Each structure stands twice: as C-alpha cells, then as structure tokens.
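Visitor:
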Amino acid sequence: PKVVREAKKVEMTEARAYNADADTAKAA
Amino acid sequence: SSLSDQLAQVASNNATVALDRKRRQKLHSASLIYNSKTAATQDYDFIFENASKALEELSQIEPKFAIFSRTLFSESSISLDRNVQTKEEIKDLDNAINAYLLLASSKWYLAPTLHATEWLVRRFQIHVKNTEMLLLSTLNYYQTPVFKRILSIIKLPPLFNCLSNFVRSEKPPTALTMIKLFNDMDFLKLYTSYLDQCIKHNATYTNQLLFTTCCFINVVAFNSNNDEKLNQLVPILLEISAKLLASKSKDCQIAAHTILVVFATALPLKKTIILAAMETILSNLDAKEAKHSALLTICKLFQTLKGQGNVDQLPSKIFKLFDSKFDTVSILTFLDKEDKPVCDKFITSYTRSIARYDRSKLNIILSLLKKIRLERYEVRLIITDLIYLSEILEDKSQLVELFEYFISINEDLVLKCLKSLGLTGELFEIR
Amino acid sequence: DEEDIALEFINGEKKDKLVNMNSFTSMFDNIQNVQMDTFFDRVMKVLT
Amino acid sequence: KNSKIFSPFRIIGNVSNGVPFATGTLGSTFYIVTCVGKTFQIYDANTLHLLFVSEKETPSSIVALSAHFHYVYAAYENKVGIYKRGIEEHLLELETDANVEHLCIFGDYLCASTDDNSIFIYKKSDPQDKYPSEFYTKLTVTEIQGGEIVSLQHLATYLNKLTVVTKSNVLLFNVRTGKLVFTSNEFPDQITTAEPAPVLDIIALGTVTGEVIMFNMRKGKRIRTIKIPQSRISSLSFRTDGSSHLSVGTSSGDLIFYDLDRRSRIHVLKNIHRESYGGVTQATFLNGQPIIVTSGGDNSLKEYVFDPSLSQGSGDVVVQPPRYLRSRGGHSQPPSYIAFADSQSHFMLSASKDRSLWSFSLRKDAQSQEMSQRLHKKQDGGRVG
Amino acid sequence: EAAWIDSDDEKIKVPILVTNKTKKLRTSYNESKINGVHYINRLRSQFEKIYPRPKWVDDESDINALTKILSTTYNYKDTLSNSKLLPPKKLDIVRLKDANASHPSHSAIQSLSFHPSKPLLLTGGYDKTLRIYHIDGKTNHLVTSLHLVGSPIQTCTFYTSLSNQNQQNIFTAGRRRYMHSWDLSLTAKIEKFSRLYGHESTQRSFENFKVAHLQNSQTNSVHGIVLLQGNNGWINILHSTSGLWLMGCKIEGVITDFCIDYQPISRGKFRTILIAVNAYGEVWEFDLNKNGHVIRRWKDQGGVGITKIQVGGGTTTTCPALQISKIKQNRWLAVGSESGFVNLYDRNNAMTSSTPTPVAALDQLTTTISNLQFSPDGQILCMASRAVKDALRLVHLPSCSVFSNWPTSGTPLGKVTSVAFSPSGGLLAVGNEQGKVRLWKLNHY
Amino acid sequence: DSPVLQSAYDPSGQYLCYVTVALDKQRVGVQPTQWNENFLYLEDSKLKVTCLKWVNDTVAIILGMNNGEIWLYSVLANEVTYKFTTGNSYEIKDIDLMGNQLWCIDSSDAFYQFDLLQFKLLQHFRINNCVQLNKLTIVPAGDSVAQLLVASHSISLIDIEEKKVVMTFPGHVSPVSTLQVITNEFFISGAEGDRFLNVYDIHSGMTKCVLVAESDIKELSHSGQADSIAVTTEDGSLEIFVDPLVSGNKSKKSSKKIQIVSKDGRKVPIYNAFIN
RNA sequence: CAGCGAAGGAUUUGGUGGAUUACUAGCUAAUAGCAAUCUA
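Residue numbers (UniProt numbering), protein chains in the order written: chain S, 410 to 437; chain D, 2 to 432; chain V, 849 to 896; chain C, 19 to 403; chain U, 122 to 183, 205 to 328, 336 to 594; chain Z, 2 to 35, 46 to 67, 72 to 262, 269 to 297.
#1: Note down, in chain order, all residues in the UniProt repeat "WD 1" (246–285) of chain U with a beta-carbon under 8 angstroms from any beta-carbon belonging to chain D.
#2: Got a sec? Which residues, its chain only, sit under 8 angstroms from residue 333/D by beta carbon, not counting five neighbours each side?
#3: Show which residues of chain V have a CB atom less than 9 angstroms away from the CB atom of residue 480/U.
#4: Can you find a C-beta in chain S that's less than 9 angstroms from the C-beta of residue 106/D?
#5: Do the stretch 162–173 of chain D and the stretch 216–225 of chain D make contact, defined as three or more Cβ pairs closer than 8 angstroms?
#6: Contact defined as beta carbons within less than 8 angstroms: I believe residue 217/D pairs with residue 238/D. What is the distance between those atoms, to the nearest angstrom?
#7: Using a Cβ-Cβ cut-off of less than 9 angstroms, list which residues of the stretch 338–368 of chain C approach chain S; keep chain order.
#8: Tell me, please, which residues DSSP counts as bridged to residue 578/U.
#9: Distance, Cα to Cα, residue 293/C vs residue 216/U?
#10: Checking 9 angstroms against the spacing of the C-beta atoms, do residue 308/D and residue 228/U come in under that value?
#11: What first and last residue would you give for the alpha helix (DSSP H) that runs through residue 214/D?
#12: With 7 angstroms as the C-beta to C-beta threshold (strictly closer), list the residues of the stretch 862–896 of chain V near chain U in chain order.
#13: Thinking just about the alpha-carbon of each residue, which of 564/U, 136/U, 295/U, 571/U is nearest to the one in residue 466/U?
#14: List, in order along the chain, the chain C residues whose C-beta lies closer than 8 angstroms to that of residue 215/U?
#15: Helix, strand or coil for residue 344/D per DSSP?
#16: Residue 143/U touches chain S at which residues, Cβ-Cβ below 9 angstroms?
#17: So is residue 414/S in contact with chain D if we call contact Cβ pairs under 9 angstroms?
#18: Give the DSSP bridge partners of residue 139/C, in chain order.
#19: Quick check on residue 248/C: does DSSP put it in helix, strand or coil?
#20: Please determine if the stretch 189–196 of chain C and the stretch 208–216 of chain C are in contact, where contact requires at least 3 C-beta pairs separated by less than 8 angstroms.
#21: Are the C-beta of residue 236/C and some C-beta of chain S separated by less than 9 angstroms?
#22: Whole angstroms is fine: what's the gap from residue 419/C's alpha carbon to residue 160/C's?
#23: Per DSSP, what kind of secondary structure is residue 113/D in: helix, strand or coil?
#24: Of all the CB atoms in chain D, is at least one closer than 9 angstroms to the CB of residue 287/C?
#25: Output needed in chain order: residues of the stretch 209–236 of chain U with a Cβ under 7 angstroms from some Cβ in chain V.
#26: Where in the stretch 135–170 of chain U do unbroken runs of the alpha helix (DSSP H), each at least 4 residues long, occur, reported from the N-terminal end onward?
#27: List the residues of chain S that residue 192/C touches, going by C-beta distances under 8 angstroms, in chain order.
Dropping the structure here:
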C-alpha cells in the first residue's frame with residue numbers, strides 16, 4: 410500500500426496582524 | 002469531518018496515556034525482548050537495572066554514553082513520566098532521545114544495545130511517540146529479527162506505509178519494498194535531514210552508508226526512464242552529495258562519488274554543475290582510497306558529457322587545484338592501469354589545459370598521448386591548441402617531437418588543421 | 849567541411865552502458881560486511 | 019453615446035486583467051480586490067465568491083488599487099477614489115495633470131505617486147474619521163536622489179516614515195516634516211518589486227535579473243541575496259504563519275517557494291499563469307494563513323494551499339508541495355461566439371479566440387465553469403485520432 | 122548601529138490610551154503620554170510578539207560551489223542548447239502531412255527514395271506508376287508522375303553522377319527482364342536497359358538492384374554501376390551511363406541481399422566494396438574497383454535464413470556524397486534474419502577479425518524483417534517487417550537501445566513495406582501496402 | 002493549400018520573390034515574368060521568413080526573419096549582404112521603407128528605425144494603447160517620413176515625432192492582413208478570413224466604400240491612381256474591381278472575375294496578381 | 001482476421017476543490033468600537 414497522499418478540508422484560522430494606525434503621531 | 006474519524010484523531014493523540022488496566026497492559030506489553038505474558042509482569046525498576054548494566058557495559062565499549070547515564074538513564078528517570086510535562090521539556094526529552102538513537106544506530110548487532118534501548122522503549126514510549134528517528138536509525142538492519150521485532154511493536158508512521166503488510170509477518174521486508182519506501186521525495190527529504198544530522202555528529206559508518214548509497218542508486222535506477230522525476234530528484238541527492246563531501250570519512254566521500262557517478266550516467270547534466278561537482282569532490286580529498294575512487298568518478302563524469310564544449314578547457318582555478326591534489330605521475334600510472342577505463346574526454350580536457358595554463362612541461366602530454374589511444378576530434382583540438390601555443394611561444398624540441406609524432410601517425414589531421422590555419426610550408430618555416 | 853567535422857564529432861563516441869531499473873538489485877545481496885571501496889569498484893564494474 | 023432602449027448593466031465572466039490586486043482583512047475574513055479594466059471587483063477568499071463591484075465605471079482604466087479594512091482605494095488617470103462596499107465615498111483629485119502610478123495607505127497619511135516622481139500625501143482631517151480626505155503635502159523625488167519610481171510602501175514599526183522604491187535606489191521619508199531621511203546605497207540594475215517582510219524592518223526587493231536583495235533599512239545594509247538565473251521577477255511575498263517562507267513570482271509564469279531558514283527551494287511551480295499575458299502579476303500569502311492567492315494577466319485567480327507536513331517528528335524540513343485549491347477564471351481572449359442556454363436567462367455559453375468554451379452563469383458568478391474537452395471513448399474498438 | 126538618525130521622533134509625545142488597540146502597551150495605570158523612542162521600542166516589541174523573530178535575519182549578512211550552482215539553476219539538463227547527438231530511448235518525433243495525400247496511390251509502396259540534394263521524394267509501387275513528390279512539412283504535392291505500362295516496378299531510386307552532378311537519372315526495375323533509366327529534365338526521355346552481355350541465363354528478374362559509384366583507379370573516370378541480383382549466386386555489375394556489363398560476381402549459396410561500402414584512399418581517391426550474404430549467413434566482402442575478387446570473407450554469428458543486410462554510418466546508397474572528397478568510410482553494418490534477430494557490427498575493429506562478434510544482437514520485432522536503413526549520419530537504425538501491423542522499431546546507436554517512446558500502438562504506421570530517410574532534414578518516410586506514405590520528422594536534426 | 006509560404010512582386014511588376022519551404026528549410030527564389048535558380052537557403056528550421064519587401072537603387076530584397084533580424088539580401092550576389100539586428104530576440108511582423116528610412120515592427124510592439132544607406136538603428140520606441148500590432152505602412156506625401164499607419168484589429172495612425180495616436184479607425188473582427196495605401200487620402204484595409212475590404216479616408220476616418228469579394232482575400236494589387244484593384248481570393252480565383260471610388270453605392274461588388282482552369286477539368290489556384 | 005489510429009489504448013475506485021436557490025464583507029453589549037483587547 411502506497412503512502413496515503415491525502416488532502417483535507419482546509420479552514421482559515423484566526424488572523425493576528427500589526428496594523429499601521431499606531432505608526433503616526435503628532436506634536437503636542 | 003465525521004465524528005468517528007474526528008475522534009479517531011484524539012484516540013491517536015492520547016494513545017500514549019493509559020487510562021485503565023486493560024489499555025495499560027496492552028501498552029506495557031510492547032517489548033523488544035520478552036513476549037506478552039512475560040512482559041506484562043515486569044516492573045520499571047527491573048528493566049531499569051538490567052538496562053543500566055547493559056548501558057555501563059556499552060559505555061565501556063564506547064565512551065560516549067555516560068552522558069546518557071547522567072541525564073536519561075539516571076535513577077530519577079524511572080519516575081520521570083513523559084506525558085505529564087510541558088512541550089518545552091518534552092522537546093528536550095525527544096531531542097536527547099534522538100541523540101541517543103543516532104548514537105546507538107551502530108550497535109544493533111550486539112544485545113547490550115537491545116537491553117539498553119528496551120527500557121527506553123518501555124519507559125519513554127518511543128515505540129509510539131518517537132517512532133520516526135527509531136525507524137530510520139535502525140533501517141539498515143532490515144533482515145534482522147531486531148527489526149522484525151521493532152516493526153511488530155511499532156505504530157506505523159504515515160511515511161513508511163509500504164511496510165504495513167510486513168507487521169507481524171515472519172518474512173523480513175525485502176529490498177524491493179525498501180526501494181519503494183525510498184521512492185518518493187517526501188521520504189527522501191526526511192532521510193537527507195537524518196543523514197545531515199549523522200554527518201554533523203560524525204555518527205556515520207560503513208554499514209549505514211553502504212545501505213543508504215545502495216538504496217539511492219536503486220532509486221535512480223527506478224527513475225531512469227522518467228525524465229521529469231529524475232529532474233525532480235536531482236536537488237536532494239546532489240545536495241547530500243555535497244554535504245557528504247564536507248565530512249572527513251573516506252567511506253562517506255566514496256559514497257558521494259558513487260551517487261555522483263551513477264547520477265551522471267543516469268542523465269546528462271550541464272557543464273557548470275558537473276565542473277562544480279568535480280571541484281567539490283576534489284576540494285576535500287585526503288585519503289588514498291578517496292584519491293583512487295575520485296579519479297575514477299571524475300573520468301566517468303567527464304565521459305558522460307555530450308554536446309559541444311565537452312572537451313573544452315577546464316579553467317585555471319580547477320586545473321591548478323586538480324594538479325595540487327593529483328600529481329602528474331598518478332595520472333600517468335592511472336593511464337598505465339591495465340583495465341583501461343574510458344577516460345578519453347577528461348584526458349582531452351586535461352591535455353588542452355596543461356597546454357594552455359602551464360605551457361611548460363610537454364613531456365607529460367607527449368608521454369600520456371603515447372600511453373593511450375584517443376579519438377579524432379580530440380586530437381584535432383589538441384593539435385589546434387598546439388599550433389596556437391607553438392606560435393605564441395618559441396618552438397622547443399618537445400613540441401616538435403610530439404608534432405613529428407603526429408606526423409608519424411595520421412598525417413592529414415595536422416595537414417587539415419594547417420589548412421584551417423596556414424600551410425605546412427609555414428609550419429616548416431616555424432620548425 | 850563543417851558537417852564533416854560534425855559527423856566526425858558524432859563518430860567519436862563509443863558504446864556507453866545505460867542504467868535501467870533492474871540493474872542494481874544485486875547489490876542488496878552483498879551489502880553486508882563489505883568495504884565501501886570494493887562496493888565502489890563493484891558498482892563501477894556493473895556500470896561499465 | 020447614450021441610449022434610450024438598452025442600458026448597460028455589467029461585464030460578466032471577467033475576473034482579472036493584470037493589475038496587481040490587493041487584499042484586506044475583516045475580523046478573521048479575507049477579501050481580494052481585483053481590477054477588471056475599468057471597474058474593480060471584490061471577492062472573498064474563503065469560498066472565493068464575488069461580493070462587490072463598483073456601482074459605476076471609472077473615467078479611465080484603473081491603474082492601481084489598494085485596500086484597508088473597509089475601504090478600497092482605486093487609482094486611475096488623475097484621481098484616487100476612496101470606496102466603501104463598492105460604492106464611491108470620496109473622490110480625491112490630485113494637484114497635477116500627471117498620471118498616478120502607485121499608492122500606499124498607513125496610519126493617517128495616504129500617499130500616492132504620479133509618473134514623474136511626485137508624491138502627493140494626504141491626511142485625515144480628524145484622527146478619528148474613516149479615510150484620508152485632506153491634502154497634506156507634496157514630496158518630489160528628483161533624479162539626483164534616485165531613478166524613476168516603481169513602488170512605495172510604509173513598512174511596519176516606523177514612526178510616520180515611508181519607503182519609496184525607485185529603479186536604482188531605496189529612499190525613506192519622514193512624511194510629517196516632509197523630509198528625506200535615508201537614501202540607501204546604489205543598486206546596479208533595475209529593480210521591479212519590493213514587498214515588506216513580517217520580520218522587523220526589512221524589505222525584500224527583486225530586480226530585472228533574477229535576484230532578490232533583502233534590504234535592512236534600519237541597518238541600511240543588505241542581509242541576503244537570492245540569485246535566480248535570467249528570471250524577470252514580478253511579485254514577492256512572505257508567509258507569516260510562523261514557518262518562514264519567501265515566495266517569488268517570475269513573469270515567465272513561475273512561482274518559486276524559497277525557504278529562508280536554510281536557503282532552499284521548497285517547490286517550484288511552472289506555467290501557473292500564462293507567459294504572454296504577463297505571467298504572475300501578483301501573488302501573496304494571506305497572513306496567518308498557509309494559502310496563496312495568485313493572479314495572472316490571463317483572467318485567472320488561483321489559490322494554492324500548503325498542506326501540513328507528513329513528518330510528525332521532523333516537521334519543518336519535510337514540506338509537502340502546494341496543492342491546488344479554488345480558482346476563478348474566464349477565458350483570456352475576447353469571446354468569439356455567444357449563446358444563451360436556457361429560457362430562464364440563467365446560463366450562457368461563450369467560446370473564445372483562445373479556443374476554450376465556457377458556461378458563464380449570469381445569475382450567480384461562482385457558477386460559471388469551463389466545459390471540458392475529454393473525449394468519450396469509441397466503444398466500437400476505434401482509437402481516438 | 123542605525124545608519125541614519127531621524128532626529129524628529131524623540132521630541133514627540135503620544136497619549137497611548139486614546140483608543141483600544143494602543144492601550145495595552147502601557148506599563149502602569151498612571152502613565153499617559155510617553156516619549157517617542159520609548160514608544161518606538163514599545164510598539165517594536167509589540168510587533169515582535171505579534172510576529173515572532175525567526176533566525177534567518179540574524180543568521181548572517183551576505205567545497206561550496208556544488209550547493210551554489212544547484213541552488214541557482216532549475217533545468218539540470220544541458221540539452222536545451224546544442225545536444226549535438228541523439229538522446230537515447232526517448233526521441234523527439236513529430237508528425238507531418240501524409241505525403242500521399244495530394245495525389246494518392248493504389249497499390250503497395252515497394253520503393254521510396256529521396257533526391258540527394260533537391261527536396262524531392264520518389265514513390266514506386268506495383269501499379270506501375272512511379273510518382274515524384276515535392277515534400278515539405280505543410281502541404282506536399284506531386285511534381286510529376288510517370289506511368290509505364292506492362293512493368294510493375296519493384297525498386298527504384300535516384301542517381302546523380304559524382305563528377306558533374308547534373309545527370310539526375312532515375313533507375314527503376316520490377317519483376318520483368320528489363321529495367322529503365324531516366325534523365326529527368328522537368336516530356337520524359339527514358340531508356341530501357343535489357344542488353345545482358347556476358348550472362349543471360351541467370352536473371353529471372355531485375356527486381357533487386359542497387360546503384361553505386363566507383364573510380365577507375367588508373368584514371369579517375371568516376372561513374373555509376375547498376376548492381377543486379379541473379380538466381381544462383383550471381384550479382385552482376387553493369388554500367389549506369391552506357392549499359393555495358395562491367396563484370397559479375399558469384400558467391401556460393403543463394404544470394405539474399407548485398408550492400409556497398411566505400412572507403413577513402415587519398416585526397417581524391419576512393420575504393421568501393423560489395424558485401425553479399427547467403428541465407429546461411431556467411432558474407433563475402435570484395436572490392437570491385439579492381440576486378441571482382443574476394444578480399445575478405447567471414448560469418449555471421451547465427452541466423453538460419455538471414456534476409457536483409459544494410460551498411461551505414463558513413464555514406465551509402467541512401468546517404469550519398471556530392472563531391473568526391475566528401476565520401477566517407479562507413480561505421481556500422483547490420484544483418485537481419487527471418488527470425489527477426491538483427492546483429493549490428495562495428496567496422497572499426499572488425500576488419501581484423503575474420504569472425505567478428507556482434508556489438509549487439511537485438512530482437513525486438515518478432516517476425517522476419519524486410520527493410521532496415523540507417524540514418525544519414527549513423528545514429529538511428531530503422532527496422533521494419535512486412536508481416537504484422539506496427540512492425541517498425543528505431544534503435545539509437547552507439548548505445549544500441551531501442552527507442553521506447555516511439556512508436557506506440559496508436560501510431561498509424563500500418564503494415565509497413567518500405568521506409569526511407571532524408572539526406573539532411575531528418576525527415577523520415579514510411580510506406581505501407583494500402584497505399585499511403587506517411588511522414589514524420591526528428592526534431593534533433 | 003499553397004506550397005508558397007509567401008511572395009511579393011517587385012515594383013513595376015517584372016519579378017516575383019517567393020519564400021517556399023523545402024525539407025523543413027525555407028528557401029527564397031526569384032523569378033522574372035516573361046529560368047532562375049538562385050535559391051537563397053536558410054540555415055535551420057527555427058529561422059523562417061515572416062515578411063519581405065523589394066527595394067528601389073541596387074536591386075535587393077529585404078527579409079524580416081522571425082528572430083529580430085532584417086536580412087538585406089541582394090538578388091545578384093546570391094547571399095544576404097547586411098544583417099540588421101535588433102536588441103531583442105523577438106520575431107518581427109512587418110517592414111516598410113521609403114527612400115533611405117525603413118520601419119520595422121516587433122512582436123513586442125516596438126517600432127524600429129533603420130537606414131539602408133548607413134546601416135544604423137536610428138530610433139526605438141514602443142507606444143501605449145496599441146498592443147496586438149502586425150503590419151504598418153508609411154503614408155507617402157512626398158517626404159512624409161512622419162505619419163505612418165499601423166494596423167492590427169483596429170487601425171491606428173501615428174506621427175513619428177509627437178509619437179501619439181492621432182486617429183483610430185474601425186478595424187475588423189480579425190487581425191488585419193492587407194493594409195495598402197492607394198491614394199493620398201484613401202487606404203485599403205482587409206483582414207484575414209473576411210471577404211470585405213474597405214477604403215478609409217485618412218483625414219475624416221469615414222469608410223467610403225466596402226469592397227465585397229466572393230471568397231476570402233489573400234493578397235491584392237492596385238493601380239497607381241487607384242482606378243483598378245485586383246485581389247486574389249483564397250480559393251484561387253481573382254477579382255478585379257474597376258473604378259472603385261466612383262458611385269452599389271456603398272458596397273461595391275466584384276467587377277470582373279478570372280480563374281485559371283486547365284483543359285482537363287482541373288482548376289489551378291492562382292495567387293498574387295499584379296496590375297499596372 | 002480486419003480497419004480506426006500525431007512520442008500509448010481501454011477500464012475500476014478513493015480523496016480534495018467548484019456547482020447543485022438569486023453573488024451587499026467578519027465580531028460584539030451595535031446610530032458605535034473591534035479587526036493587536038474590552039479592560040481600570
């Protein structure tokens with residue numbers, strides 16, 4: 410019996426991402 | 002998916018932990034030594050003490066096991082439970098187990114390592130959890146009852162799926178099934194990773210390397226008439242060829258020469274990669290057996306080179322390196338060998354390179370041209386390079402001696418090279 | 849003379865011995881306790 | 019001309035055109051904003067259905083689009099349209115006649131760049147509203163400072179900086195004071211792609227010869243170089259699920275997956291998109307996901323998933339090759355002949371100059387599928403000619 | 122460590138607790154506005170915990207060259223560029239238009255030839271209409287079509303003189319006792342050779358002949374020879390221009406076939422040899438530029454009834470030379486049996502043997518062979534029967550391995566009866582009995 | 002099908018230069034029109060003649080091959096004299112010259128300037144908004160080196176100095192296969208596959224007439240003052256229109278038809294006529 | 001037996017992916033925040 414090259418149902422797990430909103434500033 | 006397989010996953014996840022008496026005895030009864038109804042009454046201290054005795058005798062026959070006495074075969078190890086502690090110390094545990102397994106990969110002919118490893122099986126449960134390194138460390142001994150035993154007790158990983166009709170069968174698995182195990186690059190990348198660990202630990206030896214090389218040439222043999230599969234299979238076998246030459250052992254170096262020669266005669270490679278392979282097998286060449294085998298494999302590598310530019314100059318930094326590792330008289334006595342291997346294209350490139358990058362010692366080229374026979378386009382390109390050499394530097398007695406030898410045999414060759422470049426009257430003017 | 853020197857170029861090649869899938873199965877009969885240099889000579893003599 | 023009987027409705031059966039798409043996240047979802055000629059389209063990425071289209075066309079063709087969370091920034095002849103749910107919410111007219119070329123979105127400062135190395139950057143009136151609506155300033159890169167522009171982006175953890183990628187040089191900006199800060203070194207050939215890395219402050223940038231330089235802008239150096247023979251590189255990406263994998267896309271229709279932890283080719287992919295329609299126009303990993311969204315110029319979008327490894331012990335060394343997953347395509351050449359299948363006006367048939375036959379569905383645009391050329395075998399003994 | 126200093130961020134202050142996502146990177150519940158470089162370091166650590174820091178950036182900063211070239215290139219075969227020779231066991235055929243399709247034939251195709259330099263194919267069958275096609279890869283037409291009544295032709299071929307190359311004589315022959323020559327001049338003038346001078350009692354037929362040059366060897370009147378077969382052991386060499394019986398040669402035992410091997414002597418001199426077999430399979434090798442007397446004789450290793458011998462590699466009937474200096478010594482000989490076993494011999498060592506061993510004795514096609522021909526350059530051997538369908542094999546040599554990829558079962562060869570090559574183009578042509586001649590080409594040439 | 006790959010007449014209609022294929026190698030033959048045997052062969056099968064044009072005045076063909084070369088080939092000396100390279104290894108699609116200056120058009124849509132008196136590459140430009148392009152023609156107004164007319168699938172017009180599209184035309188549904196200027200204001204277009212030539216004004220762009228053949232066009236010749244247009248159909252007949260620009270007020274039909282049948286009941290397909 | 005017939009032909013069967021209803025994006029405490037966090 411060959412090696413079972415077998416797919417599956419794929420699922421999109423949780424994202425976890427830096428966002429650019431905290432990359433600006435302002436002079437106070 | 003469905004519920005049945007959805008919890009067969011968690012059954013395979015928690016197969017290592019015993020949940021009651023029946024599963025405890027069905028898990029404890031796996032052993033490399035004793036059968037079921039004997040093994041179900043052993044305690045941990047019994048197999049631990051006879052394993053520690055096996056270890057200390059194994060450590061006086063090999064001095065690199067007292068570390069495993071200190072950290073894996075200690076007295077607290079019989080209380081150390083595997084699946085009760087966190088992922089980082091289980092990572093420490095199984096890389097220590099992998100260190101032990103590649104270290105004790107050699108000793109499987111002798112029963113002290115069987116009794117040394119059986120407590121490791123019975124306590125740290127490598128026959129279910131750490132199965133991969135176990136299988137491809139003891140894969141060399143595949144005609145042995147130790148391997149039949151360990152495959153009878155193993156839970157079979159998803160890679161080694163061709164062996165699942167050899168569990169609990171008295172027939173040892175055959176060489177054809179070993180090739181069909183080796184015959185996919187999902188297995189091969191794994192096995193090259195394992196051989197990389199063996200190289201960087203120097204746990205290489207003459208039996209593992211022999212078996213590995215024999216299965217690799219059988220894989221290339223099965224993929225002879227599949228060009229896409231062979232081109233798919235290049236960058237792993239050549240990868241460990243280059244990683245195999247980086248070591249020091251003569252046996253792994255000549256194993257690298259073996260896979261290189263069978264791969265070069267398997268398919269025609271390119272000039273740049275075959276020259277990089279030539280300088281690579283030269284750049285770590287020390288022992289005399291490695292010298293002999295590397296010279297044979299260089300000659301066959303260059304013999305299996307076609308297309309134009311086949312007999313051209315090997316460049317300066319590979320040419321002087323070839324002369325540094327191999328003196329001229331070794332080339333001369335290798336050509337004086339009575340078996341007469343076909344080395345005509347390599348010797349042709351060697352003659353053109355010694356005539357273009359040294360241009361000083363032509364006694365060598367005359368002597369070896371006397372010592373072998375050689376074909377017509379080869380000698381045509383040699384005498385063309387000799388025409389250019391005889392016109393850039395002034396004529397010598399050696400140069401005109403080999404020139405009149407090429408007069409004495411096959412006149413119209415050097416006549417037609419003069420017809421391409423000048424005239425025999427002008428050559429006798431330069432005489 | 850260019851096709852003549854090309855024809856001499858293709859004339860100057862001797863009979864190689866190719867590999868095929870049932871040429872190296874015999875090594876597994878003596879992979880046991882055999883020095884690798886003798887293995888290298890064995891695979892080269894079955895090769896050419 | 020305007021009509022009085024027929025009004026135009028939609029150009030169906032069209033997926034991509036060759037403009038580099040963009041992607042956006044919403045919670046744990048992913049949407050792909052692709053360009054089709056003049057209007058754009060918003061697919062999702064899980065089931066790859068269509069989700070949105072622009073409600074009305076653009077004046078010129080769209081040259082460049084990007085996407086933040088809810089909003090899609092389209093860019094054509096002179097303007098940038100900030101869009102929401104496929105509806106235009108704000109035009110932004112640029113202060114020139116020069117045609118816009120690239121843009122980026124980060125924090126507050128939108129930043130678009132025309133075709134003469136002039137960069138209009140815009141700012142949100144309130145650091146709380148939804149999109150940059152107010153013109154802030156106009157930087158201008160001169161030919162002393164570098165070549166002519168080819169990309170721009172703000173890579174991460176940089177306090178209001180920016181990275182303009184020219185044809186010969188990399189050059190940063192501080193966009194608050196309008197200042198240049200760090201011109202990079204000299205680069206000896208034309209570079210054509212630059213995508214940031216999910217590791218700290220480096221950017222991978224690929225040239226017209228097949229090399230990828232990895233510039234460390236904080237260090238101002240290069241870290242490594244991936245050399246590849248004579249490949250016109252087109253599109254880089256990185257995989258961000260922990261296991262580090264670079265992915266280059268060559269305009270000869272190639273997609274090469276490099277490991278970076280041990281500098282090895284994981285798997286090559288040949289002729290994924292057609293060569294002559296641009297090759298791999300844009301290919302990217304969805305971040306935190308082991309899938310790949312490629313799009314060619316040949317009216318095709320594909321997803322390639324990386325399977326889990328089969329070596330439960332070795333793991334990252336043995337990597338399974340990429341499978342093929344969902345894909346949406348049309349035929350890549352103008353359709354020759356057109357029929358309507360059913361009386362309900364649900365299915366229609368196309369047959370195109372690239373010799374493919376498709377059954378488009380004008381009801382729901384994930385039902386459109388190619389008809390298949392697999393001959394029924396002759397059951398009288400004959401052989402197929 | 123930084124190659125640049127911004128000199129603007131250190132004088133900034135940001136209230137980090139204005140929103141939700143920037144309020145977790147505080148460190149106390151009393152700190153509100155933080156400095157700029159501290160803020161950069163805080164969100165930099167937040168980035169490094171939102172994507173971890175792998176090892177390949179802090180690896181380094183750019205016996206090795208095998209790994210380096212292997213990581214560079216993808217296509218690990220040099221054969222894209224030059225290749226200069228064949229690849230064994232897998233050849234690059236393609237198909238072309240069926241060369242009979244413009245004006246078809248009706249009988250079998252018993253002879254098929256090429257003009258030595260001009261792009262012309264000749265077809266000849268039992269329906270006594272020798273056609274000539276202009277052949278090309280797209281649509282190939284009929285130049286002329288001579289018909290000659292009462293003479294169903296068996297074999298027919300082109301011929302050009304070596305000296306002045308402007309002769310272009312077809313020679314044709316069937317089962318009858320006359321053959322025909324033709325000077326082709328784009336209404337035809339054909340002559341009918343029937344004058345047997347010396348021997349008139351040994352030809353029941355003219356159906357097997359070859360044509361071959363020879364030199365005079367005291368002068369250099371290089372001219373043609375027709376070589377006809379006889380019945381007992383007789384093969385008669387005539388003149389091609391005139392028609393004179395030059396001489397004849399009888400071998401002992403029944404002639405089955407024969408071939409012609411030239412060899413150079415000097416720059417401008419050459420020598421022709423005729424090779425002839427029995428059914429028993431002991432060959433005579435005799436030169437015929439002097440009088441026809443045996444200079445070598447040996448024996449094939451096997452065969453009960455051998456059927457067809459063909460020499461090749463250098464120049465021959467199928468690959469002729471144009472200038473006299475362009476003539477070449479052959480390399481390969483081949484002998485084929487009724488059992489199917491084709492031996493192929495080298496002829497660079499086997500002028501010395503007097504009983505030469507075969508280089509290879511191959512057997513792949515089962516039944517008797519009928520035609521076998523080499524390539525014009527001597528790398529393909531082509532073997533074909535006249536018994537079963539798809540009865541042709543191609544052999545790469547010097548490796549002497551049959552090509553595997555071609556022909557498959559799905560090739561429309563038909564029951565093959567003749568085959569020929571191009572002189573240069575690598576354009577191969579096969580003919581069957583049901584009428585059609587099909588056309589392939591070899592993409593390496 | 003025709004075994005002639007392509008052919009072209011010399012100006013004033015006395016010689017025919019035709020490319021055929023002969024054992025997988027193309028060869029070029031010249032022939033007068035009232046034997047010649049100087050077949051210029053080509054080297055290899057990967058090198059085939061895409062397009063060709065006579066020059067007028073040492074008599075010469077120029078042959079654009081399929082790799083990025085223009086073989087300026089003399090007819091008397093039976094060899095290529097000069098080899099106009101380009102920078103790319105891309106197959107060209109058309110050539111047209113006027114006096115000294117010559118234009119070539121690539122598969123990668125570039126336009127190439129050459130000069131057959133000085134053998135240089137003058138300028139080198141691709142332009143936007145025209146992508147599939149396969150044949151051009153320089154528009155003559157005496158020394159109008161500017162304003163050449165480019166055509167595939169929608170015919171465009173190009174000034175060589177402002178270098179933008181000045182006027183587009185309704186092309187056809189197919190790629191254009193014949194594009195011949197006939198006066199100082201009109202030009203014939205005709206695609207492949209279609210029976211429908213059409214004359215376009217070069218100033219207003221309105222179609223004046225549509226010439227309707229009875230089969231697919233293959234080639235056409237015209238008189239010098241456009242009073243007579245002979246086309247050769249795909250099935251080997253010939254259709255000559257008399258006075259096509261005088262008014269059947271919008272779609273002019275075929276005026277006279279000529280076929281060459283043998284006396285054996287066999288039609289032989291003619292091709293490539295020429296009318297003065 | 002025949003013919004059909006471009007470097008194979010003809011079948012069995014698993015898995016994944018796309019459809020099988022008509023394509024307006026995710027989460028939550030929802031006139032907003034989130035998508036790196038709803039906590040003080």
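Backbone N, C-alpha and C define an ideal beta-carbon position, used for all residues, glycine too.
Guide: Here's the rundown:
#1: none
#2: 365, 368, 369, 372
#3: 859
#4: no
#5: no
#6: 6 angstroms
#7: 338, 341, 343
#8: 569/U, 588/U
#9: 18 angstroms
#10: no
#11: 207–223
#12: 862, 863, 864, 866
#13: 571/U
#14: 247
#15: coil
#16: 430, 431
#17: yes
#18: 129/C, 155/C
#19: coil
#20: no
#21: no
#22: What the structure shows of chain C is the stretch from 19 to 403, and residue 419/C is not part of that stretch, so it cannot be assessed.
#23: helix
#24: no
#25: 226, 227, 230
#26: none
#27: By Cβ distance, chain S contributes nothing, its closest Cβ being about 11 angstroms from residue 192/C, past 8 angstroms.
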